[PDB]
>>> print(open('upload.cif').read())   # mmCIF, N, CA and C atoms
data_work
loop_
_atom_site.label_atom_id
_atom_site.label_comp_id
_atom_site.auth_asym_id
_atom_site.auth_seq_id
_atom_site.Cartn_x
_atom_site.Cartn_y
_atom_site.Cartn_z
N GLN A 1 60.16 252.49 -5.31
CA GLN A 1 60.23 253.97 -5.34
C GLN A 1 59.35 254.60 -6.41
N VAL A 2 58.93 255.83 -6.13
CA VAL A 2 58.10 256.58 -7.07
C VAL A 2 58.98 257.13 -8.19
N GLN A 3 58.53 256.94 -9.42
CA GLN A 3 59.24 257.46 -10.59
C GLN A 3 58.18 257.96 -11.56
N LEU A 4 58.32 259.20 -12.00
CA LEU A 4 57.37 259.80 -12.93
C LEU A 4 58.05 260.17 -14.24
N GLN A 5 57.34 259.99 -15.35
CA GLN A 5 57.89 260.33 -16.66
C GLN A 5 56.80 260.90 -17.57
N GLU A 6 57.02 262.11 -18.06
CA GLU A 6 56.05 262.75 -18.95
C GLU A 6 56.41 262.44 -20.40
N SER A 7 55.42 262.54 -21.28
CA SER A 7 55.64 262.29 -22.69
C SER A 7 54.52 262.95 -23.49
N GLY A 8 54.72 263.06 -24.80
CA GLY A 8 53.69 263.65 -25.64
C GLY A 8 54.01 265.05 -26.14
N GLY A 9 55.06 265.66 -25.60
CA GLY A 9 55.44 266.99 -26.03
C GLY A 9 55.80 267.07 -27.50
N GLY A 10 55.73 268.27 -28.05
CA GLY A 10 56.06 268.46 -29.45
C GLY A 10 55.73 269.86 -29.93
N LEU A 11 55.86 270.07 -31.24
CA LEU A 11 55.57 271.37 -31.83
C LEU A 11 54.12 271.32 -32.33
N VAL A 12 53.32 272.29 -31.90
CA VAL A 12 51.92 272.34 -32.29
C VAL A 12 51.53 273.71 -32.82
N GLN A 13 50.56 273.73 -33.72
CA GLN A 13 50.07 274.96 -34.33
C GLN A 13 49.08 275.63 -33.37
N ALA A 14 49.16 276.95 -33.24
CA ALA A 14 48.24 277.68 -32.36
C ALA A 14 46.82 277.31 -32.76
N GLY A 15 45.95 277.13 -31.77
CA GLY A 15 44.58 276.75 -32.05
C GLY A 15 44.44 275.24 -32.05
N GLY A 16 45.58 274.55 -32.06
CA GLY A 16 45.55 273.10 -32.07
C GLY A 16 45.41 272.47 -30.69
N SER A 17 45.43 271.14 -30.67
CA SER A 17 45.30 270.38 -29.43
C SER A 17 46.45 269.40 -29.28
N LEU A 18 46.72 269.02 -28.04
CA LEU A 18 47.79 268.07 -27.73
C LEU A 18 47.49 267.40 -26.40
N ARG A 19 47.79 266.11 -26.29
CA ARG A 19 47.55 265.41 -25.03
C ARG A 19 48.87 264.88 -24.48
N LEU A 20 49.19 265.29 -23.26
CA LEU A 20 50.42 264.85 -22.61
C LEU A 20 50.08 263.70 -21.69
N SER A 21 51.08 262.88 -21.37
CA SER A 21 50.87 261.76 -20.47
C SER A 21 51.93 261.79 -19.38
N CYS A 22 51.57 261.25 -18.22
CA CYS A 22 52.47 261.16 -17.08
C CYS A 22 52.31 259.73 -16.60
N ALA A 23 53.35 258.93 -16.79
CA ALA A 23 53.33 257.53 -16.39
C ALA A 23 53.99 257.37 -15.02
N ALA A 24 53.40 256.55 -14.17
CA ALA A 24 53.95 256.32 -12.84
C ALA A 24 54.09 254.83 -12.57
N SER A 25 54.92 254.50 -11.58
CA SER A 25 55.16 253.12 -11.20
C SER A 25 54.10 252.55 -10.25
N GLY A 26 53.91 251.24 -10.32
CA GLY A 26 52.96 250.54 -9.47
C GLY A 26 51.64 251.24 -9.20
N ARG A 27 51.31 251.39 -7.93
CA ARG A 27 50.07 252.03 -7.54
C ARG A 27 50.27 253.47 -7.07
N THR A 28 51.30 254.12 -7.61
CA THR A 28 51.60 255.50 -7.25
C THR A 28 50.36 256.38 -7.34
N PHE A 29 49.65 256.28 -8.47
CA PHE A 29 48.45 257.08 -8.70
C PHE A 29 47.22 256.65 -7.92
N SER A 30 47.34 255.58 -7.14
CA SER A 30 46.22 255.14 -6.33
C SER A 30 46.37 255.68 -4.91
N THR A 31 47.60 256.05 -4.55
CA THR A 31 47.84 256.57 -3.21
C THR A 31 48.25 258.04 -3.20
N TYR A 32 48.75 258.54 -4.32
CA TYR A 32 49.14 259.95 -4.42
C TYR A 32 48.19 260.72 -5.32
N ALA A 33 48.12 262.03 -5.10
CA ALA A 33 47.31 262.92 -5.92
C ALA A 33 48.30 263.43 -6.96
N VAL A 34 47.79 263.99 -8.05
CA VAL A 34 48.66 264.44 -9.13
C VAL A 34 48.44 265.88 -9.54
N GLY A 35 49.53 266.61 -9.75
CA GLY A 35 49.42 267.99 -10.19
C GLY A 35 50.26 268.22 -11.43
N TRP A 36 49.85 269.20 -12.24
CA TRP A 36 50.61 269.54 -13.42
C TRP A 36 51.08 270.97 -13.24
N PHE A 37 52.33 271.22 -13.61
CA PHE A 37 52.95 272.54 -13.52
C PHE A 37 53.60 272.81 -14.87
N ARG A 38 53.98 274.05 -15.13
CA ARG A 38 54.65 274.36 -16.39
C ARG A 38 55.60 275.52 -16.20
N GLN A 39 56.65 275.55 -17.02
CA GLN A 39 57.61 276.63 -16.97
C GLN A 39 57.81 277.19 -18.37
N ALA A 40 57.31 278.40 -18.58
CA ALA A 40 57.45 279.05 -19.87
C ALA A 40 58.82 279.70 -19.92
N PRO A 41 59.33 279.99 -21.13
CA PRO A 41 60.65 280.62 -21.29
C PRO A 41 60.87 281.84 -20.39
N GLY A 42 61.90 281.76 -19.55
CA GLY A 42 62.24 282.86 -18.66
C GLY A 42 61.40 283.06 -17.42
N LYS A 43 60.27 282.37 -17.33
CA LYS A 43 59.40 282.54 -16.17
C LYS A 43 59.54 281.45 -15.12
N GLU A 44 58.99 281.71 -13.94
CA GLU A 44 59.03 280.75 -12.85
C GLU A 44 57.98 279.68 -13.08
N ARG A 45 58.25 278.47 -12.61
CA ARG A 45 57.31 277.37 -12.77
C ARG A 45 56.01 277.70 -12.05
N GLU A 46 54.89 277.38 -12.70
CA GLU A 46 53.59 277.69 -12.15
C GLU A 46 52.60 276.54 -12.25
N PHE A 47 51.62 276.56 -11.35
CA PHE A 47 50.57 275.56 -11.27
C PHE A 47 49.66 275.60 -12.50
N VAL A 48 49.26 274.42 -12.98
CA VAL A 48 48.38 274.30 -14.14
C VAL A 48 47.09 273.60 -13.74
N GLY A 49 47.21 272.44 -13.10
CA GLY A 49 46.03 271.71 -12.70
C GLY A 49 46.31 270.65 -11.66
N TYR A 50 45.25 270.19 -11.00
CA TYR A 50 45.37 269.20 -9.95
C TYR A 50 44.32 268.11 -10.13
N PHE A 51 44.71 266.87 -9.84
CA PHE A 51 43.80 265.75 -9.97
C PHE A 51 43.80 264.97 -8.67
N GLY A 52 42.68 265.00 -7.96
CA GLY A 52 42.56 264.27 -6.71
C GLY A 52 42.23 262.84 -7.06
N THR A 53 43.06 261.90 -6.63
CA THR A 53 42.83 260.49 -6.96
C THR A 53 41.73 259.82 -6.14
N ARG A 54 41.29 260.48 -5.07
CA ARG A 54 40.24 259.91 -4.24
C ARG A 54 38.90 259.87 -4.96
N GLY A 55 38.41 261.03 -5.40
CA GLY A 55 37.13 261.09 -6.08
C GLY A 55 37.22 261.43 -7.55
N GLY A 56 38.42 261.77 -8.01
CA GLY A 56 38.59 262.11 -9.42
C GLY A 56 38.26 263.54 -9.78
N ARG A 57 38.15 264.41 -8.78
CA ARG A 57 37.85 265.81 -9.03
C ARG A 57 39.09 266.53 -9.54
N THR A 58 38.89 267.52 -10.40
CA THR A 58 40.01 268.28 -10.95
C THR A 58 39.86 269.78 -10.68
N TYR A 59 40.99 270.47 -10.58
CA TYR A 59 41.02 271.91 -10.33
C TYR A 59 42.01 272.51 -11.34
N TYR A 60 41.65 273.65 -11.92
CA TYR A 60 42.50 274.27 -12.93
C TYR A 60 42.84 275.74 -12.67
N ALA A 61 44.05 276.13 -13.05
CA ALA A 61 44.48 277.52 -12.91
C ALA A 61 43.63 278.34 -13.87
N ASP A 62 43.36 279.59 -13.53
CA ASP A 62 42.53 280.44 -14.38
C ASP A 62 43.09 280.59 -15.80
N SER A 63 44.40 280.50 -15.92
CA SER A 63 45.06 280.63 -17.21
C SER A 63 44.67 279.54 -18.21
N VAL A 64 44.24 278.38 -17.72
CA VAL A 64 43.89 277.29 -18.63
C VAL A 64 42.51 276.68 -18.41
N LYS A 65 41.81 277.09 -17.36
CA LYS A 65 40.49 276.55 -17.07
C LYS A 65 39.57 276.60 -18.29
N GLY A 66 38.98 275.46 -18.63
CA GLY A 66 38.10 275.37 -19.77
C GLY A 66 38.80 274.80 -20.99
N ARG A 67 40.08 275.11 -21.16
CA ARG A 67 40.84 274.62 -22.31
C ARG A 67 41.63 273.35 -22.02
N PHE A 68 42.10 273.23 -20.78
CA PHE A 68 42.89 272.07 -20.36
C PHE A 68 42.09 271.18 -19.42
N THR A 69 42.23 269.87 -19.58
CA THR A 69 41.55 268.94 -18.70
C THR A 69 42.46 267.77 -18.37
N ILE A 70 42.28 267.22 -17.18
CA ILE A 70 43.10 266.11 -16.70
C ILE A 70 42.24 264.88 -16.44
N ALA A 71 42.80 263.71 -16.75
CA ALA A 71 42.11 262.44 -16.56
C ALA A 71 43.11 261.34 -16.23
N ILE A 72 42.60 260.15 -15.96
CA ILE A 72 43.46 259.01 -15.65
C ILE A 72 42.94 257.79 -16.42
N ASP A 73 43.85 256.93 -16.88
CA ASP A 73 43.44 255.74 -17.63
C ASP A 73 42.80 254.68 -16.75
N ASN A 74 42.19 253.68 -17.39
CA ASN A 74 41.51 252.60 -16.68
C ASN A 74 42.39 251.86 -15.69
N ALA A 75 43.63 251.59 -16.08
CA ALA A 75 44.57 250.86 -15.23
C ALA A 75 45.14 251.73 -14.11
N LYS A 76 44.97 253.04 -14.23
CA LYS A 76 45.45 254.00 -13.24
C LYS A 76 46.98 254.05 -13.14
N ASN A 77 47.64 253.91 -14.28
CA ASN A 77 49.10 253.96 -14.35
C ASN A 77 49.53 255.19 -15.13
N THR A 78 48.56 255.88 -15.73
CA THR A 78 48.85 257.06 -16.52
C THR A 78 47.82 258.16 -16.33
N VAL A 79 48.30 259.39 -16.14
CA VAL A 79 47.43 260.55 -15.98
C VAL A 79 47.68 261.43 -17.21
N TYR A 80 46.62 261.97 -17.77
CA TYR A 80 46.74 262.79 -18.96
C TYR A 80 46.43 264.26 -18.75
N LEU A 81 47.05 265.10 -19.56
CA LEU A 81 46.76 266.53 -19.55
C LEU A 81 46.37 266.85 -20.98
N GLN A 82 45.08 267.00 -21.21
CA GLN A 82 44.58 267.32 -22.54
C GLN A 82 44.55 268.83 -22.73
N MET A 83 45.08 269.28 -23.86
CA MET A 83 45.10 270.71 -24.16
C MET A 83 44.30 270.98 -25.43
N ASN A 84 43.36 271.92 -25.34
CA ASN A 84 42.53 272.32 -26.48
C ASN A 84 42.78 273.81 -26.71
N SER A 85 42.51 274.28 -27.92
CA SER A 85 42.66 275.70 -28.26
C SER A 85 43.94 276.32 -27.72
N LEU A 86 45.08 275.74 -28.09
CA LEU A 86 46.37 276.24 -27.61
C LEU A 86 46.71 277.67 -28.04
N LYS A 87 47.39 278.38 -27.15
CA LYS A 87 47.83 279.76 -27.39
C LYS A 87 49.35 279.75 -27.47
N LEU A 88 49.93 280.83 -27.99
CA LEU A 88 51.38 280.90 -28.08
C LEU A 88 52.00 280.87 -26.69
N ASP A 89 51.36 281.54 -25.73
CA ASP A 89 51.91 281.58 -24.39
C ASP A 89 51.70 280.29 -23.59
N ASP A 90 51.20 279.25 -24.25
CA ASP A 90 51.05 277.96 -23.56
C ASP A 90 52.37 277.23 -23.77
N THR A 91 53.27 277.84 -24.54
CA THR A 91 54.58 277.24 -24.80
C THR A 91 55.34 277.14 -23.49
N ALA A 92 55.83 275.94 -23.18
CA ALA A 92 56.58 275.75 -21.95
C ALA A 92 56.91 274.29 -21.74
N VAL A 93 57.68 274.02 -20.70
CA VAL A 93 58.00 272.65 -20.36
C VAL A 93 56.94 272.29 -19.32
N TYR A 94 56.24 271.19 -19.56
CA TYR A 94 55.19 270.74 -18.65
C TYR A 94 55.71 269.62 -17.75
N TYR A 95 55.42 269.74 -16.46
CA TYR A 95 55.87 268.78 -15.44
C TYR A 95 54.72 268.19 -14.65
N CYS A 96 54.74 266.89 -14.42
CA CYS A 96 53.72 266.31 -13.56
C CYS A 96 54.43 266.03 -12.24
N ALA A 97 53.66 266.03 -11.16
CA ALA A 97 54.21 265.80 -9.84
C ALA A 97 53.15 265.14 -8.97
N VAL A 98 53.59 264.47 -7.91
CA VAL A 98 52.64 263.83 -7.01
C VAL A 98 52.85 264.28 -5.57
N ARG A 99 51.76 264.24 -4.80
CA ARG A 99 51.80 264.62 -3.40
C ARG A 99 50.81 263.74 -2.65
N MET A 100 51.01 263.60 -1.34
CA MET A 100 50.12 262.78 -0.54
C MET A 100 48.86 263.55 -0.19
N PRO A 101 47.72 262.85 -0.08
CA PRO A 101 46.46 263.51 0.26
C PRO A 101 46.59 264.29 1.57
N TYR A 102 45.83 265.38 1.68
CA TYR A 102 45.85 266.23 2.87
C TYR A 102 47.26 266.58 3.32
N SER A 103 48.02 267.26 2.47
CA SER A 103 49.38 267.66 2.82
C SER A 103 49.65 269.14 2.56
N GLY A 104 48.59 269.92 2.38
CA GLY A 104 48.75 271.34 2.14
C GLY A 104 48.01 271.88 0.93
N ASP A 105 48.40 273.06 0.48
CA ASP A 105 47.79 273.71 -0.67
C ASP A 105 48.23 273.01 -1.96
N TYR A 106 47.27 272.47 -2.71
CA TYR A 106 47.59 271.76 -3.95
C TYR A 106 48.14 272.67 -5.05
N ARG A 107 48.01 273.98 -4.87
CA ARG A 107 48.51 274.93 -5.86
C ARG A 107 49.98 275.24 -5.62
N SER A 108 50.48 274.89 -4.44
CA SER A 108 51.87 275.17 -4.08
C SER A 108 52.86 274.06 -4.45
N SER A 109 53.87 274.42 -5.24
CA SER A 109 54.87 273.45 -5.67
C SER A 109 55.63 272.83 -4.49
N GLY A 110 55.73 273.57 -3.40
CA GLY A 110 56.45 273.06 -2.24
C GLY A 110 55.84 271.84 -1.58
N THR A 111 54.55 271.60 -1.81
CA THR A 111 53.85 270.47 -1.19
C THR A 111 53.99 269.14 -1.93
N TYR A 112 54.63 269.15 -3.10
CA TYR A 112 54.79 267.93 -3.88
C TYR A 112 56.05 267.16 -3.50
N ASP A 113 55.95 265.83 -3.58
CA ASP A 113 57.05 264.95 -3.20
C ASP A 113 57.95 264.47 -4.32
N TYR A 114 57.38 264.21 -5.49
CA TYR A 114 58.17 263.73 -6.62
C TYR A 114 57.80 264.45 -7.90
N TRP A 115 58.78 264.59 -8.78
CA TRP A 115 58.60 265.29 -10.05
C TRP A 115 59.10 264.53 -11.26
N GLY A 116 58.42 264.72 -12.39
CA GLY A 116 58.87 264.10 -13.63
C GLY A 116 59.95 265.01 -14.21
N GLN A 117 60.60 264.59 -15.29
CA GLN A 117 61.66 265.40 -15.88
C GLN A 117 61.15 266.52 -16.78
N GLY A 118 59.89 266.43 -17.18
CA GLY A 118 59.29 267.46 -18.02
C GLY A 118 59.27 267.15 -19.51
N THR A 119 58.31 267.73 -20.21
CA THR A 119 58.20 267.54 -21.65
C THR A 119 57.88 268.90 -22.27
N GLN A 120 58.59 269.23 -23.34
CA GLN A 120 58.43 270.52 -24.01
C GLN A 120 57.26 270.57 -24.98
N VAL A 121 56.49 271.65 -24.88
CA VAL A 121 55.36 271.89 -25.77
C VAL A 121 55.64 273.24 -26.41
N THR A 122 55.75 273.26 -27.74
CA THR A 122 56.02 274.51 -28.45
C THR A 122 54.84 274.84 -29.35
N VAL A 123 54.21 275.98 -29.09
CA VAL A 123 53.06 276.43 -29.88
C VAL A 123 53.53 277.50 -30.87
N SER A 124 53.37 277.23 -32.16
CA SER A 124 53.80 278.18 -33.18
C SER A 124 52.62 278.87 -33.86
N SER A 125 52.82 280.14 -34.20
CA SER A 125 51.77 280.91 -34.85
C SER A 125 51.54 280.37 -36.26
#
>>> encode(input="upload.cif", output="structure tokens")
Amino acid sequence: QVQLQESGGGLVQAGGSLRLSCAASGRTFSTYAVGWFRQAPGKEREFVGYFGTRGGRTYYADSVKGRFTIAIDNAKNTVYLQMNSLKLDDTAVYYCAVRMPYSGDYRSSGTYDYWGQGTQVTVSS
């Protein structure tokens, strides 16, 4: 079975950087695509970025494009979400999720099959 677990969350100073990780079982990341979502205090969960495992292309929400980047390790068991130049409103619980190729809009949370439990990122002024 597919099991996802995020890690790396913590308290960070505005303007700082932080790298989150999403670990998956077996070859999950070789057959599924990966997306990152986040839920800020009081708001609805929203799309952050997508990583297509076929060619390695990435897509980012306008809110983080340029500052956030996604990658995968050599063994393909871990996907990362690198954050640069953090803002106060980047504070939220970050979630990684997986979906099967060609299954709909990658920006839509409804198209994902499995979700991690989330990791908190707190940006302080």
>>> select_by_dssp(input="upload.cif", residues="chain A", states="strand (DSSP E or B)", output="MDAnalysis selection string")
chainID A and resid 4:7 10:13 18:24 33:39 46:51 58:60 65 68:72 78:83 92:99 114:115 119:124
>>> atom_distance(input="upload.cif", atom1="CA of residue 64 in chain A", atom2="CA of residue 32 in chain A")
23.0 Å
>>> axis_aligned_box(input="upload.cif", around="range 31-43 of chain A", padding_each_side="5 Å", output="AutoDock Vina command-line options")
--center_x 54.8 --center_y 269.6 --center_z -12.2 --size_x 24.9 --size_y 37.0 --size_z 28.1
>>> closest_residue(input="upload.cif", among="A:23, A:81, A:86, A:92", to="residue 60 in chain A", atoms="only C-alpha atoms")
A:81
>>> resolve_selection(input="upload.cif", expression="the PyMOL selection byres (((chain A and resi 89-91 and name CA) around 7) and name CA)", output="number ranges by chain")
A: 40, 86-88, 92, 121-123
>>> closest_atom_pairs(input="upload.cif", of="range 28-55 of chain A", to="range 101-110 of chain A", cutoff="6.5 Å", atoms="only N, CA and C atoms", output="CSV")
residue,atom,partner,partner_atom,distance
A:31,C,A:101,N,5.8
A:32,CA,A:101,N,5.4
A:33,N,A:101,N,5.1
A:47,CA,A:107,C,5.7
>>> decode(input="upload.cif", residues="range 26-38 of chain A", atoms="N, CA, C and O atoms", output="PDB file, in the first residue's frame")
ATOM      1  N   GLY A  26       8.168   1.858  -1.405  1.00  0.00           N
ATOM      2  CA  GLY A  26       8.550   1.205  -2.647  1.00  0.00           C
ATOM      3  C   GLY A  26       8.765   2.096  -3.852  1.00  0.00           C
ATOM      4  O   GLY A  26       9.544   3.048  -3.808  1.00  0.00           O
ATOM      5  N   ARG A  27       8.076   1.779  -4.942  1.00  0.00           N
ATOM      6  CA  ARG A  27       8.202   2.548  -6.171  1.00  0.00           C
ATOM      7  C   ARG A  27       7.027   3.492  -6.388  1.00  0.00           C
ATOM      8  O   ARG A  27       6.676   3.806  -7.525  1.00  0.00           O
ATOM      9  N   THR A  28       6.430   3.947  -5.293  1.00  0.00           N
ATOM     10  CA  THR A  28       5.297   4.859  -5.371  1.00  0.00           C
ATOM     11  C   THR A  28       5.591   6.040  -6.290  1.00  0.00           C
ATOM     12  O   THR A  28       4.786   6.371  -7.160  1.00  0.00           O
ATOM     13  N   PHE A  29       6.749   6.665  -6.092  1.00  0.00           N
ATOM     14  CA  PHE A  29       7.149   7.825  -6.881  1.00  0.00           C
ATOM     15  C   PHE A  29       7.591   7.513  -8.304  1.00  0.00           C
ATOM     16  O   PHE A  29       7.914   8.418  -9.065  1.00  0.00           O
ATOM     17  N   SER A  30       7.612   6.238  -8.666  1.00  0.00           N
ATOM     18  CA  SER A  30       7.984   5.873 -10.025  1.00  0.00           C
ATOM     19  C   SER A  30       6.725   5.660 -10.855  1.00  0.00           C
ATOM     20  O   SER A  30       6.766   5.722 -12.083  1.00  0.00           O
ATOM     21  N   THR A  31       5.600   5.427 -10.186  1.00  0.00           N
ATOM     22  CA  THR A  31       4.348   5.210 -10.898  1.00  0.00           C
ATOM     23  C   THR A  31       3.321   6.315 -10.669  1.00  0.00           C
ATOM     24  O   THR A  31       2.407   6.480 -11.472  1.00  0.00           O
ATOM     25  N   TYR A  32       3.468   7.064  -9.579  1.00  0.00           N
ATOM     26  CA  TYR A  32       2.555   8.170  -9.284  1.00  0.00           C
ATOM     27  C   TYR A  32       3.246   9.510  -9.455  1.00  0.00           C
ATOM     28  O   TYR A  32       4.467   9.604  -9.330  1.00  0.00           O
ATOM     29  N   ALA A  33       2.449  10.541  -9.722  1.00  0.00           N
ATOM     30  CA  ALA A  33       2.942  11.909  -9.844  1.00  0.00           C
ATOM     31  C   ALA A  33       2.759  12.473  -8.442  1.00  0.00           C
ATOM     32  O   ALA A  33       2.003  11.914  -7.647  1.00  0.00           O
ATOM     33  N   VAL A  34       3.426  13.580  -8.142  1.00  0.00           N
ATOM     34  CA  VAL A  34       3.359  14.148  -6.805  1.00  0.00           C
ATOM     35  C   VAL A  34       2.974  15.615  -6.775  1.00  0.00           C
ATOM     36  O   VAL A  34       3.463  16.408  -7.572  1.00  0.00           O
ATOM     37  N   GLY A  35       2.092  15.969  -5.849  1.00  0.00           N
ATOM     38  CA  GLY A  35       1.690  17.356  -5.711  1.00  0.00           C
ATOM     39  C   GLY A  35       1.861  17.830  -4.278  1.00  0.00           C
ATOM     40  O   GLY A  35       1.843  17.039  -3.334  1.00  0.00           O
ATOM     41  N   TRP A  36       2.074  19.129  -4.110  1.00  0.00           N
ATOM     42  CA  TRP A  36       2.195  19.692  -2.777  1.00  0.00           C
ATOM     43  C   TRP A  36       1.049  20.671  -2.614  1.00  0.00           C
ATOM     44  O   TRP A  36       0.716  21.405  -3.543  1.00  0.00           O
ATOM     45  N   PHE A  37       0.431  20.638  -1.439  1.00  0.00           N
ATOM     46  CA  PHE A  37      -0.679  21.515  -1.093  1.00  0.00           C
ATOM     47  C   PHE A  37      -0.354  22.121   0.271  1.00  0.00           C
ATOM     48  O   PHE A  37       0.543  21.651   0.970  1.00  0.00           O
ATOM     49  N   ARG A  38      -1.077  23.164   0.664  1.00  0.00           N
ATOM     50  CA  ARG A  38      -0.837  23.753   1.976  1.00  0.00           C
ATOM     51  C   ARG A  38      -2.123  24.347   2.520  1.00  0.00           C
ATOM     52  O   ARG A  38      -3.020  24.723   1.757  1.00  0.00           O
TER      53      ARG A  38
END
